[PDB]
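> Here you go, target_7.txt (compact mmCIF, N, CA, C and O atoms):
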# COMPACT_ATOMS: atom_id res chain seq x y z
N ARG Z 1 40.42 -36.53 -5.09
CA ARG Z 1 39.45 -37.35 -5.81
C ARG Z 1 40.03 -38.72 -6.13
O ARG Z 1 41.16 -39.04 -5.73
N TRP Z 2 39.27 -39.54 -6.86
CA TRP Z 2 39.70 -40.89 -7.19
C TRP Z 2 40.40 -40.98 -8.55
O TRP Z 2 40.00 -40.32 -9.50
N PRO Z 3 41.42 -41.83 -8.64
CA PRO Z 3 42.09 -42.05 -9.92
C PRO Z 3 41.24 -42.92 -10.85
O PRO Z 3 40.35 -43.66 -10.41
N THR Z 4 41.53 -42.82 -12.14
CA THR Z 4 40.91 -43.68 -13.13
C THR Z 4 42.01 -44.37 -13.92
O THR Z 4 42.99 -43.73 -14.30
N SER Z 5 41.84 -45.67 -14.17
CA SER Z 5 42.76 -46.40 -15.02
C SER Z 5 41.98 -47.04 -16.16
O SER Z 5 40.87 -47.56 -15.96
N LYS Z 6 42.53 -46.97 -17.36
CA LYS Z 6 41.98 -47.69 -18.50
C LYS Z 6 42.69 -49.02 -18.59
O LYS Z 6 43.92 -49.07 -18.56
N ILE Z 7 41.92 -50.09 -18.70
CA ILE Z 7 42.45 -51.45 -18.66
C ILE Z 7 41.77 -52.34 -19.69
O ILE Z 7 40.79 -51.95 -20.33
N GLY U 1 21.15 -53.34 -6.95
CA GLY U 1 20.61 -54.35 -7.84
C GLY U 1 21.14 -55.72 -7.48
O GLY U 1 21.90 -55.86 -6.52
N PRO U 2 20.76 -56.73 -8.26
CA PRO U 2 21.20 -58.10 -7.98
C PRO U 2 22.67 -58.28 -8.31
O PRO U 2 23.18 -57.66 -9.24
N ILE U 3 23.37 -59.10 -7.55
CA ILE U 3 24.71 -59.50 -7.93
C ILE U 3 24.60 -60.39 -9.17
O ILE U 3 23.73 -61.26 -9.25
N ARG U 4 25.45 -60.13 -10.17
CA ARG U 4 25.44 -60.87 -11.42
C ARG U 4 26.81 -61.49 -11.68
O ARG U 4 27.84 -60.92 -11.30
N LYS U 5 26.80 -62.64 -12.34
CA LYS U 5 28.01 -63.26 -12.87
C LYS U 5 28.01 -63.01 -14.37
O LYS U 5 27.01 -63.28 -15.05
N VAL U 6 29.12 -62.50 -14.89
CA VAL U 6 29.20 -62.10 -16.29
C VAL U 6 30.47 -62.66 -16.92
O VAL U 6 31.55 -62.53 -16.34
N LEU U 7 30.35 -63.27 -18.09
CA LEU U 7 31.50 -63.82 -18.80
C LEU U 7 32.00 -62.86 -19.87
O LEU U 7 31.22 -62.31 -20.65
N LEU U 8 33.32 -62.65 -19.90
CA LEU U 8 33.96 -61.81 -20.90
C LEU U 8 35.00 -62.63 -21.65
O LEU U 8 35.74 -63.41 -21.03
N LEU U 9 35.03 -62.50 -22.97
CA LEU U 9 36.01 -63.18 -23.81
C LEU U 9 36.95 -62.14 -24.40
O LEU U 9 36.52 -61.21 -25.09
N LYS U 10 38.24 -62.29 -24.14
CA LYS U 10 39.28 -61.34 -24.55
C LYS U 10 40.37 -62.09 -25.28
O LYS U 10 40.77 -63.15 -24.88
N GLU U 11 40.87 -61.49 -26.35
CA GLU U 11 42.04 -62.00 -27.01
C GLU U 11 43.29 -61.41 -26.35
O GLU U 11 43.20 -60.43 -25.62
N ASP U 12 44.44 -62.01 -26.61
CA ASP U 12 45.65 -61.58 -25.93
C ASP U 12 46.20 -60.22 -26.39
O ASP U 12 46.98 -59.60 -25.68
N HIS U 13 45.74 -59.75 -27.55
CA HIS U 13 46.22 -58.47 -28.09
C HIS U 13 45.40 -57.28 -27.59
O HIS U 13 45.71 -56.13 -27.92
N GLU U 14 44.37 -57.56 -26.79
CA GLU U 14 43.42 -56.55 -26.34
C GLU U 14 43.49 -56.34 -24.84
O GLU U 14 43.93 -57.23 -24.10
N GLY U 15 43.03 -55.18 -24.39
CA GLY U 15 42.72 -55.00 -22.98
C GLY U 15 41.28 -55.42 -22.71
O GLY U 15 40.60 -56.01 -23.57
N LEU U 16 40.79 -55.14 -21.52
CA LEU U 16 39.42 -55.46 -21.16
C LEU U 16 38.45 -54.50 -21.82
O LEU U 16 37.32 -54.88 -22.12
N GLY U 17 38.86 -53.26 -22.05
CA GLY U 17 37.96 -52.29 -22.64
C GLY U 17 37.10 -51.61 -21.60
O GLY U 17 35.93 -51.29 -21.84
N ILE U 18 37.64 -51.39 -20.41
CA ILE U 18 36.92 -50.62 -19.41
C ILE U 18 37.85 -49.67 -18.71
O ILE U 18 39.06 -49.88 -18.64
N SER U 19 37.26 -48.62 -18.17
CA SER U 19 37.97 -47.72 -17.29
C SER U 19 37.40 -47.98 -15.91
O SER U 19 36.18 -48.12 -15.75
N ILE U 20 38.28 -48.09 -14.94
CA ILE U 20 37.86 -48.26 -13.55
C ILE U 20 38.31 -47.10 -12.69
O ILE U 20 39.35 -46.45 -12.94
N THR U 21 37.51 -46.83 -11.66
CA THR U 21 37.84 -45.83 -10.67
C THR U 21 37.55 -46.41 -9.28
O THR U 21 37.07 -47.53 -9.15
N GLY U 22 37.87 -45.65 -8.24
CA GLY U 22 37.61 -46.11 -6.89
C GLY U 22 38.71 -46.99 -6.33
O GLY U 22 39.84 -46.98 -6.81
N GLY U 23 38.38 -47.75 -5.30
CA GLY U 23 39.34 -48.59 -4.62
C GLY U 23 39.33 -48.37 -3.11
O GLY U 23 38.92 -47.32 -2.63
N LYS U 24 39.82 -49.35 -2.37
CA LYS U 24 39.72 -49.35 -0.92
C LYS U 24 40.27 -48.12 -0.25
O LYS U 24 39.75 -47.64 0.73
N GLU U 25 41.36 -47.59 -0.79
CA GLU U 25 41.98 -46.41 -0.18
C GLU U 25 41.08 -45.17 -0.26
O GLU U 25 41.29 -44.19 0.47
N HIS U 26 40.06 -45.23 -1.11
CA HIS U 26 39.10 -44.15 -1.27
C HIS U 26 37.76 -44.47 -0.63
O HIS U 26 36.81 -43.70 -0.74
N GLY U 27 37.69 -45.63 0.00
CA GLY U 27 36.47 -46.06 0.68
C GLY U 27 35.34 -46.45 -0.25
O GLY U 27 34.18 -46.43 0.15
N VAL U 28 35.65 -46.80 -1.49
CA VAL U 28 34.62 -47.25 -2.41
C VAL U 28 35.11 -48.44 -3.21
O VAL U 28 36.30 -48.68 -3.32
N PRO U 29 34.17 -49.22 -3.77
CA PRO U 29 34.57 -50.38 -4.57
C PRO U 29 35.28 -49.97 -5.86
O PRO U 29 35.36 -48.79 -6.23
N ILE U 30 35.81 -50.97 -6.54
CA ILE U 30 36.28 -50.79 -7.89
C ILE U 30 35.05 -50.61 -8.78
O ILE U 30 34.20 -51.52 -8.87
N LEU U 31 34.93 -49.44 -9.40
CA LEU U 31 33.74 -49.08 -10.18
C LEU U 31 34.08 -48.91 -11.66
O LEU U 31 35.11 -48.31 -12.02
N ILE U 32 33.23 -49.44 -12.52
CA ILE U 32 33.37 -49.19 -13.96
C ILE U 32 32.89 -47.79 -14.28
O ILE U 32 31.73 -47.45 -14.02
N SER U 33 33.78 -46.97 -14.82
CA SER U 33 33.38 -45.63 -15.23
C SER U 33 33.25 -45.47 -16.73
O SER U 33 32.62 -44.52 -17.19
N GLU U 34 33.82 -46.39 -17.51
CA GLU U 34 33.69 -46.36 -18.96
C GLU U 34 33.68 -47.77 -19.50
O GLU U 34 34.38 -48.65 -18.99
N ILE U 35 32.87 -47.99 -20.53
CA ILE U 35 32.93 -49.19 -21.36
C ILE U 35 33.32 -48.72 -22.76
O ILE U 35 32.57 -47.99 -23.41
N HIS U 36 34.50 -49.11 -23.23
CA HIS U 36 34.97 -48.57 -24.49
C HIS U 36 34.35 -49.32 -25.65
O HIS U 36 34.43 -50.54 -25.71
N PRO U 37 33.70 -48.59 -26.57
CA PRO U 37 32.90 -49.21 -27.62
C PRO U 37 33.71 -50.19 -28.45
O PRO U 37 34.84 -49.88 -28.87
N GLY U 38 33.14 -51.36 -28.67
CA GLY U 38 33.73 -52.35 -29.55
C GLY U 38 34.83 -53.21 -28.94
O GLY U 38 35.30 -54.15 -29.59
N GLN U 39 35.23 -52.89 -27.72
CA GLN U 39 36.25 -53.69 -27.02
C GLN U 39 35.59 -54.80 -26.19
O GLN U 39 34.36 -54.92 -26.17
N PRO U 40 36.39 -55.67 -25.55
CA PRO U 40 35.76 -56.90 -25.02
C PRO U 40 34.63 -56.70 -24.01
O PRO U 40 33.66 -57.46 -24.07
N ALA U 41 34.71 -55.74 -23.11
CA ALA U 41 33.62 -55.56 -22.14
C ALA U 41 32.33 -55.16 -22.84
O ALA U 41 31.26 -55.66 -22.53
N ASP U 42 32.43 -54.28 -23.83
CA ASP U 42 31.26 -53.89 -24.59
C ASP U 42 30.68 -55.11 -25.31
O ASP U 42 29.47 -55.36 -25.26
N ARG U 43 31.54 -55.87 -25.97
CA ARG U 43 31.09 -57.02 -26.76
C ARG U 43 30.45 -58.10 -25.89
O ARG U 43 29.55 -58.81 -26.37
N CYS U 44 30.90 -58.25 -24.64
CA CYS U 44 30.33 -59.29 -23.78
C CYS U 44 28.89 -59.01 -23.40
O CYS U 44 28.15 -59.94 -23.10
N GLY U 45 28.51 -57.74 -23.39
CA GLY U 45 27.11 -57.36 -23.22
C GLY U 45 26.56 -57.18 -21.81
O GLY U 45 25.49 -56.60 -21.62
N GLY U 46 27.30 -57.69 -20.82
CA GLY U 46 26.81 -57.74 -19.45
C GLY U 46 27.48 -56.84 -18.44
O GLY U 46 27.20 -56.94 -17.24
N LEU U 47 28.37 -55.97 -18.89
CA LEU U 47 29.10 -55.06 -18.01
C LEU U 47 28.73 -53.64 -18.38
O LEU U 47 28.71 -53.29 -19.56
N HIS U 48 28.50 -52.81 -17.37
CA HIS U 48 27.98 -51.47 -17.63
C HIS U 48 28.58 -50.42 -16.71
O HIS U 48 29.02 -50.72 -15.60
N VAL U 49 28.59 -49.18 -17.20
CA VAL U 49 29.04 -48.08 -16.37
C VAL U 49 28.22 -48.04 -15.08
O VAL U 49 26.99 -48.16 -15.09
N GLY U 50 28.92 -47.91 -13.96
CA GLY U 50 28.28 -47.89 -12.66
C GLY U 50 28.36 -49.22 -11.94
O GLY U 50 28.13 -49.28 -10.73
N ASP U 51 28.67 -50.29 -12.67
CA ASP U 51 28.89 -51.59 -12.02
C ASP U 51 30.09 -51.55 -11.07
O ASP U 51 31.14 -50.99 -11.39
N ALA U 52 29.91 -52.14 -9.90
CA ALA U 52 31.04 -52.41 -9.02
C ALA U 52 31.56 -53.78 -9.38
O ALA U 52 30.77 -54.72 -9.56
N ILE U 53 32.87 -53.90 -9.52
CA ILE U 53 33.48 -55.20 -9.76
C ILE U 53 33.84 -55.84 -8.42
O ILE U 53 34.77 -55.42 -7.73
N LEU U 54 33.05 -56.84 -8.03
CA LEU U 54 33.21 -57.49 -6.74
C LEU U 54 34.29 -58.55 -6.77
O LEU U 54 34.96 -58.78 -5.77
N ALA U 55 34.44 -59.22 -7.91
CA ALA U 55 35.44 -60.27 -8.03
C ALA U 55 35.72 -60.54 -9.50
O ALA U 55 34.89 -60.24 -10.37
N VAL U 56 36.90 -61.06 -9.78
CA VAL U 56 37.21 -61.50 -11.13
C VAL U 56 37.90 -62.84 -11.03
O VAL U 56 38.85 -63.00 -10.27
N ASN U 57 37.40 -63.82 -11.78
CA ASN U 57 37.95 -65.16 -11.71
C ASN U 57 38.13 -65.66 -10.27
O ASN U 57 39.14 -66.29 -9.96
N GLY U 58 37.17 -65.35 -9.41
CA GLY U 58 37.19 -65.82 -8.03
C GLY U 58 38.07 -65.02 -7.09
O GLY U 58 38.11 -65.29 -5.89
N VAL U 59 38.79 -64.04 -7.63
CA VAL U 59 39.61 -63.16 -6.81
C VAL U 59 38.75 -61.99 -6.32
O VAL U 59 38.24 -61.22 -7.12
N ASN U 60 38.60 -61.89 -5.00
CA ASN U 60 37.82 -60.83 -4.39
C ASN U 60 38.46 -59.47 -4.63
O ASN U 60 39.65 -59.29 -4.39
N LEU U 61 37.67 -58.53 -5.13
CA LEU U 61 38.15 -57.18 -5.34
C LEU U 61 37.46 -56.17 -4.43
O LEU U 61 37.68 -54.98 -4.55
N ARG U 62 36.61 -56.66 -3.54
CA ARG U 62 35.84 -55.78 -2.67
C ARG U 62 36.72 -54.90 -1.77
O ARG U 62 36.36 -53.76 -1.49
N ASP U 63 37.86 -55.42 -1.34
CA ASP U 63 38.72 -54.72 -0.38
C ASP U 63 40.07 -54.34 -0.99
O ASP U 63 41.06 -54.16 -0.28
N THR U 64 40.10 -54.21 -2.31
CA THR U 64 41.36 -54.00 -2.99
C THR U 64 41.58 -52.52 -3.28
O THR U 64 40.64 -51.79 -3.65
N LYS U 65 42.82 -52.08 -3.12
CA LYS U 65 43.23 -50.74 -3.53
C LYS U 65 43.24 -50.64 -5.05
O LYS U 65 43.32 -51.65 -5.76
N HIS U 66 43.14 -49.42 -5.55
CA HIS U 66 43.02 -49.18 -6.98
C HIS U 66 44.07 -49.91 -7.81
O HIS U 66 43.74 -50.63 -8.74
N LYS U 67 45.35 -49.72 -7.47
CA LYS U 67 46.42 -50.30 -8.27
C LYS U 67 46.53 -51.80 -8.09
O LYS U 67 46.93 -52.51 -9.01
N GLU U 68 46.15 -52.30 -6.92
CA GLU U 68 46.04 -53.74 -6.72
C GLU U 68 45.05 -54.32 -7.71
O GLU U 68 45.33 -55.32 -8.38
N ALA U 69 43.89 -53.68 -7.84
CA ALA U 69 42.85 -54.12 -8.77
C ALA U 69 43.32 -54.05 -10.21
O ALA U 69 43.00 -54.93 -11.01
N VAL U 70 44.09 -53.02 -10.57
CA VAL U 70 44.61 -52.93 -11.93
C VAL U 70 45.50 -54.12 -12.23
O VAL U 70 45.35 -54.77 -13.27
N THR U 71 46.41 -54.44 -11.32
CA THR U 71 47.31 -55.58 -11.51
C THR U 71 46.52 -56.88 -11.67
O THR U 71 46.73 -57.65 -12.61
N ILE U 72 45.57 -57.10 -10.76
CA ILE U 72 44.77 -58.32 -10.80
C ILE U 72 43.96 -58.40 -12.08
O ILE U 72 43.98 -59.42 -12.78
N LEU U 73 43.25 -57.33 -12.42
CA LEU U 73 42.40 -57.35 -13.60
C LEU U 73 43.19 -57.54 -14.90
O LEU U 73 42.77 -58.32 -15.77
N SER U 74 44.32 -56.86 -15.03
CA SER U 74 45.09 -56.93 -16.27
C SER U 74 45.81 -58.26 -16.43
O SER U 74 46.23 -58.61 -17.54
N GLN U 75 45.94 -59.02 -15.34
CA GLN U 75 46.55 -60.34 -15.39
C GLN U 75 45.63 -61.38 -16.02
O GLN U 75 46.11 -62.41 -16.50
N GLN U 76 44.32 -61.13 -16.03
CA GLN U 76 43.40 -62.17 -16.48
C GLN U 76 43.41 -62.29 -18.00
O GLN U 76 43.51 -61.29 -18.71
N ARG U 77 43.28 -63.52 -18.50
CA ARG U 77 43.33 -63.78 -19.94
C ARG U 77 42.17 -64.66 -20.40
O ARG U 77 41.65 -65.46 -19.63
N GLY U 78 41.77 -64.49 -21.65
CA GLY U 78 40.86 -65.42 -22.31
C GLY U 78 39.42 -65.30 -21.86
O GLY U 78 38.76 -64.28 -22.08
N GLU U 79 38.92 -66.36 -21.24
CA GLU U 79 37.56 -66.40 -20.72
C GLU U 79 37.58 -65.97 -19.27
O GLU U 79 38.11 -66.67 -18.41
N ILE U 80 37.00 -64.81 -19.00
CA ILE U 80 37.16 -64.14 -17.72
C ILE U 80 35.80 -63.93 -17.07
O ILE U 80 34.92 -63.29 -17.66
N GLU U 81 35.62 -64.46 -15.86
CA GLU U 81 34.35 -64.34 -15.16
C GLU U 81 34.38 -63.17 -14.18
O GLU U 81 35.29 -63.05 -13.38
N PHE U 82 33.38 -62.30 -14.28
CA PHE U 82 33.23 -61.16 -13.39
C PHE U 82 32.04 -61.37 -12.48
O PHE U 82 31.02 -61.92 -12.88
N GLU U 83 32.18 -60.92 -11.24
CA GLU U 83 31.04 -60.81 -10.34
C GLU U 83 30.83 -59.32 -10.13
O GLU U 83 31.74 -58.62 -9.66
N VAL U 84 29.66 -58.82 -10.50
CA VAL U 84 29.40 -57.39 -10.52
C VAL U 84 28.04 -57.04 -9.94
O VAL U 84 27.14 -57.87 -9.88
N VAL U 85 27.89 -55.80 -9.51
CA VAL U 85 26.59 -55.35 -9.03
C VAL U 85 26.43 -53.88 -9.34
O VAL U 85 27.36 -53.10 -9.16
N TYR U 86 25.25 -53.50 -9.81
CA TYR U 86 24.94 -52.10 -10.02
C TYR U 86 24.13 -51.57 -8.86
O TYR U 86 23.06 -52.10 -8.55
N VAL U 87 24.62 -50.51 -8.23
CA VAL U 87 23.90 -49.84 -7.15
C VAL U 87 23.55 -48.41 -7.55
O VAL U 87 24.38 -47.71 -8.15
Would you write out, as structure tokens, the structure that this file holds?


Amino acid sequence: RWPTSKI
Amino acid sequence: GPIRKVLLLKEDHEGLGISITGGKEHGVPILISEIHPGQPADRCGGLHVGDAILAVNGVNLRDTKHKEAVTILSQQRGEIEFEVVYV
């Protein structure tokens, strides 16, 4: 699946 | 939907206030998956979950890998222009 980053 | 230009104002002690997912290595755009309440993206009013981030400050993000986009996005300061589209 796809990664998630909080920015 | 229509491509939109959206202005965000951020102080230096804050992040953008969004979570992003996707990226070129996954065959999809950089997508907003969260807008964190009360942080700069929420306060700017024009960015929403499901928006693809096409560009920031004139830097094309359409063909960028996830971590490339993180580096580019987190580098931006102050008055930050986004080009976004909801599909």

> Give the answer as one residue: which of U:59, U:35, U:41, U:16 has the shortest atom-to-atom distance to chain Z, using all atoms listed in the file?

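Closest candidate: U:16.
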
> For a quick test of understanding: name the residues of chain U lying within 5 Å of chain Z when counting only N, CA, C and O atoms, and present them as a ChimeraX atom specification.

/U:15-22

> How many Å separate atom N of residue 49 in chain U from atom N of residue 32 in chain U?

6.6 Å

> Step one, run DSSP on the backbone; step two, keep only residues of range 49-82 of chain U assigned to strand (DSSP E); then write them as a PyMOL selection string.

chain U and resi 51-56+59-60+79-82

> Just write the chosen residues, N, CA, C and O atoms, as a PDB file, keeping the file's coordinate frame.


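Output file again-v4.pdb is given in full below:
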ATOM      1  N   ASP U  51      28.670 -50.290 -12.670  1.00  0.00           N
ATOM      2  CA  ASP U  51      28.890 -51.590 -12.020  1.00  0.00           C
ATOM      3  C   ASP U  51      30.090 -51.550 -11.070  1.00  0.00           C
ATOM      4  O   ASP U  51      31.140 -50.990 -11.390  1.00  0.00           O
ATOM      5  N   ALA U  52      29.910 -52.140  -9.900  1.00  0.00           N
ATOM      6  CA  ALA U  52      31.040 -52.410  -9.020  1.00  0.00           C
ATOM      7  C   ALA U  52      31.560 -53.780  -9.380  1.00  0.00           C
ATOM      8  O   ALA U  52      30.770 -54.720  -9.560  1.00  0.00           O
ATOM      9  N   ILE U  53      32.870 -53.900  -9.520  1.00  0.00           N
ATOM     10  CA  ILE U  53      33.480 -55.200  -9.760  1.00  0.00           C
ATOM     11  C   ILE U  53      33.840 -55.840  -8.420  1.00  0.00           C
ATOM     12  O   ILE U  53      34.770 -55.420  -7.730  1.00  0.00           O
ATOM     13  N   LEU U  54      33.050 -56.840  -8.030  1.00  0.00           N
ATOM     14  CA  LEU U  54      33.210 -57.490  -6.740  1.00  0.00           C
ATOM     15  C   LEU U  54      34.290 -58.550  -6.770  1.00  0.00           C
ATOM     16  O   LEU U  54      34.960 -58.780  -5.770  1.00  0.00           O
ATOM     17  N   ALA U  55      34.440 -59.220  -7.910  1.00  0.00           N
ATOM     18  CA  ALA U  55      35.440 -60.270  -8.030  1.00  0.00           C
ATOM     19  C   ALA U  55      35.720 -60.540  -9.500  1.00  0.00           C
ATOM     20  O   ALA U  55      34.890 -60.240 -10.370  1.00  0.00           O
ATOM     21  N   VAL U  56      36.900 -61.060  -9.780  1.00  0.00           N
ATOM     22  CA  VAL U  56      37.210 -61.500 -11.130  1.00  0.00           C
ATOM     23  C   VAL U  56      37.900 -62.840 -11.030  1.00  0.00           C
ATOM     24  O   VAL U  56      38.850 -63.000 -10.270  1.00  0.00           O
ATOM     25  N   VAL U  59      38.790 -64.040  -7.630  1.00  0.00           N
ATOM     26  CA  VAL U  59      39.610 -63.160  -6.810  1.00  0.00           C
ATOM     27  C   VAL U  59      38.750 -61.990  -6.320  1.00  0.00           C
ATOM     28  O   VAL U  59      38.240 -61.220  -7.120  1.00  0.00           O
ATOM     29  N   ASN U  60      38.600 -61.890  -5.000  1.00  0.00           N
ATOM     30  CA  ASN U  60      37.820 -60.830  -4.390  1.00  0.00           C
ATOM     31  C   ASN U  60      38.460 -59.470  -4.630  1.00  0.00           C
ATOM     32  O   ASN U  60      39.650 -59.290  -4.390  1.00  0.00           O
ATOM     33  N   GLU U  79      38.920 -66.360 -21.240  1.00  0.00           N
ATOM     34  CA  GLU U  79      37.560 -66.400 -20.720  1.00  0.00           C
ATOM     35  C   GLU U  79      37.580 -65.970 -19.270  1.00  0.00           C
ATOM     36  O   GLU U  79      38.110 -66.670 -18.410  1.00  0.00           O
ATOM     37  N   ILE U  80      37.000 -64.810 -19.000  1.00  0.00           N
ATOM     38  CA  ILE U  80      37.160 -64.140 -17.720  1.00  0.00           C
ATOM     39  C   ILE U  80      35.800 -63.930 -17.070  1.00  0.00           C
ATOM     40  O   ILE U  80      34.920 -63.290 -17.660  1.00  0.00           O
ATOM     41  N   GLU U  81      35.620 -64.460 -15.860  1.00  0.00           N
ATOM     42  CA  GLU U  81      34.350 -64.340 -15.160  1.00  0.00           C
ATOM     43  C   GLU U  81      34.380 -63.170 -14.180  1.00  0.00           C
ATOM     44  O   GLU U  81      35.290 -63.050 -13.380  1.00  0.00           O
ATOM     45  N   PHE U  82      33.380 -62.300 -14.280  1.00  0.00           N
ATOM     46  CA  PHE U  82      33.230 -61.160 -13.390  1.00  0.00           C
ATOM     47  C   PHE U  82      32.040 -61.370 -12.480  1.00  0.00           C
ATOM     48  O   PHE U  82      31.020 -61.920 -12.880  1.00  0.00           O
TER      49      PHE U  82
END

> I want to know what sits within 7 Å of residue 4 in chain U, based on only C-alpha atoms, with residues of the same chain fewer than 4 positions away left out; could you give that as an mmCIF file with N, CA, C and O atoms, in the frame of the given file?


data_model
loop_
_atom_site.group_PDB
_atom_site.id
_atom_site.type_symbol
_atom_site.label_atom_id
_atom_site.label_comp_id
_atom_site.auth_asym_id
_atom_site.auth_seq_id
_atom_site.Cartn_x
_atom_site.Cartn_y
_atom_site.Cartn_z
ATOM 1 N N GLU U 83 32.180 -60.920 -11.240
ATOM 2 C CA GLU U 83 31.040 -60.810 -10.340
ATOM 3 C C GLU U 83 30.830 -59.320 -10.130
ATOM 4 O O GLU U 83 31.740 -58.620 -9.660
ATOM 5 N N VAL U 84 29.660 -58.820 -10.500
ATOM 6 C CA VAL U 84 29.400 -57.390 -10.520
ATOM 7 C C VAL U 84 28.040 -57.040 -9.940
ATOM 8 O O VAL U 84 27.140 -57.870 -9.880
ATOM 9 N N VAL U 85 27.890 -55.800 -9.510
ATOM 10 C CA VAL U 85 26.590 -55.350 -9.030
ATOM 11 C C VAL U 85 26.430 -53.880 -9.340
ATOM 12 O O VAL U 85 27.360 -53.100 -9.160
#

> Tell me which residues come within 10 Å of (39.5, -64.6, -11.2), as a PyMOL selection string, counting only C-alpha atoms in the file's coordinates.

chain U and resi 55-61+72-73+75-77+79-83

> Between CA of residue 24 in chain U and CA of residue 40 in chain U, what is the spacing in Å?

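CA of residue 24 in chain U lies 25.6 Å from CA of residue 40 in chain U.
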
> In Å, how far is it from atom O of residue 67 in chain U to atom N of residue 1 in chain U?

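According to the coordinates, atom O of residue 67 in chain U and atom N of residue 1 in chain U are separated by 25.9 Å.
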
> Can you list, as a ChimeraX atom specification, every residue of chain U that DSSP puts in helix (DSSP H, G or I)?

/U:24-26,40-44,66-75
